[PDB]
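Engineer: Okay, here's the structure, questions in a sec.
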Protein chains: 2
Amino acid sequence: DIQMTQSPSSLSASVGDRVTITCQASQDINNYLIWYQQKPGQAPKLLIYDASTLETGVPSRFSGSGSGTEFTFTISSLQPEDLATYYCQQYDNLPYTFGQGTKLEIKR
Amino acid sequence: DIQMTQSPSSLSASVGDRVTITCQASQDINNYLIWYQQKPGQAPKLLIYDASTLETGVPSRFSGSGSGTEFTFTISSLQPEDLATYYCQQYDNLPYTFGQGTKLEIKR
């Protein structure tokens, strides 16, 4: 099965700060990677898919770029509403796993 | 977009009590449905995939059956650690949505 390794374990960014998260798949999934934002209390929201493309409604602050194994998630500008746990999931091969490794916090 | 509707909105069951959940897809997904359980503290864990196929390490107490639009998830015997938020997600057509329409509670 494909492992979703997300790094770093946790990084904190203040409102206005730039965030870069990296998710690595165990096996290359071509480009089929999805990014979600997990807020405690609600289900995770699909934020980015196809390792690059933003879903309709997703702010331009988020950007994803990657392919196969390396996936880079970047928040160009942290906003208070963007505070959550982040993860990546691959839909190329079953079973599907969500990245368990990245927590986003706000500095200050 | 395929909207995943899980029902009922919330139900409580006691350890040993049966739980019947149903997830309905907006549009057919053949059988490409996955069930996850989100236990407080951890990321969503895949419990059942391809609608009816049990993940390795999943007791037969949990069962899922259905196709396309109607998917049924039944817990034959509620367990203490298996108290969680249940949801369903489809990977047939983007965007992929989680059907977060069900919250599980334990009676007593």
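Residue numbers start at 1 in each chain; chains themselves are named A, B, ... in the order of the structure tokens; ligands are numbered from 1 in the order shown.
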Please provide as a count of residues only all residues within 12 Å of residue 54 in chain B, with the sequence filter that same-chain residues fewer than 5 positions apart are discarded (counting only C-alpha atoms).
Structural biologist: 18
Engineer: For chain B, report every residue with an atom at most 9 Å from chain A (counting only C-alpha atoms), formatted as a ChimeraX atom specification.
Structural biologist: /B:34,40,42-46,49-50,55,85,87,91,94-100
Engineer: Go ahead and save the picked residues with C-alpha atoms, as a PDB file, in the first residue's frame.
Structural biologist:
ATOM      1  CA  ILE B  34     -14.724   4.115   1.077  1.00  0.00           C
ATOM      2  CA  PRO B  40     -10.790  11.732  18.407  1.00  0.00           C
ATOM      3  CA  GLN B  42      -6.204  10.556  14.978  1.00  0.00           C
ATOM      4  CA  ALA B  43      -6.627  11.074  11.253  1.00  0.00           C
ATOM      5  CA  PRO B  44      -9.558   9.364   9.391  1.00  0.00           C
ATOM      6  CA  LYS B  45      -8.950   5.661   9.331  1.00  0.00           C
ATOM      7  CA  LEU B  46     -10.083   3.605   6.409  1.00  0.00           C
ATOM      8  CA  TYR B  49     -13.236   0.233   0.946  1.00  0.00           C
ATOM      9  CA  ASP B  50     -14.736  -0.425  -2.515  1.00  0.00           C
ATOM     10  CA  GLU B  55      -9.702  -3.534   5.184  1.00  0.00           C
ATOM     11  CA  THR B  85     -17.437  10.101  13.399  1.00  0.00           C
ATOM     12  CA  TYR B  87     -18.118   9.045   6.808  1.00  0.00           C
ATOM     13  CA  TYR B  91     -13.403   8.413  -5.898  1.00  0.00           C
ATOM     14  CA  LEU B  94     -14.165  14.936  -8.833  1.00  0.00           C
ATOM     15  CA  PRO B  95     -14.612  16.705  -6.564  1.00  0.00           C
ATOM     16  CA  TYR B  96     -14.609  13.942  -3.979  1.00  0.00           C
ATOM     17  CA  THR B  97     -16.752  14.723  -1.008  1.00  0.00           C
ATOM     18  CA  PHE B  98     -17.076  13.123   2.383  1.00  0.00           C
ATOM     19  CA  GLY B  99     -20.507  12.319   3.550  1.00  0.00           C
ATOM     20  CA  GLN B 100     -20.227  13.549   7.084  1.00  0.00           C
TER      21      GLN B 100
END
Engineer: Following superposition of chain B onto chain A on all C-alpha atoms, paired in order, what is the C-alpha RMSD to one decimal in Å?
Structural biologist: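 That comparison of chain A with chain B gives 0.5 Å.
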Engineer: Looking only at strand (DSSP E or B) from DSSP on the backbone, list the matching residues of chain B as a count of residues only.
Structural biologist: 55
Engineer: Counting only C-alpha atoms, figure out which residue out of B:8, B:29, B:20, B:14 gets nearest to residue 89 in chain B.
Structural biologist: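 Among the listed residues, B:29 lies closest to residue 89 in chain B.
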Engineer: May I ask for the distance between CA of residue 3 in chain B and CA of residue 22 in chain B, given in Å to one decimal place?
Structural biologist: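 Between CA of residue 3 in chain B and CA of residue 22 in chain B the gap works out to 13.5 Å.
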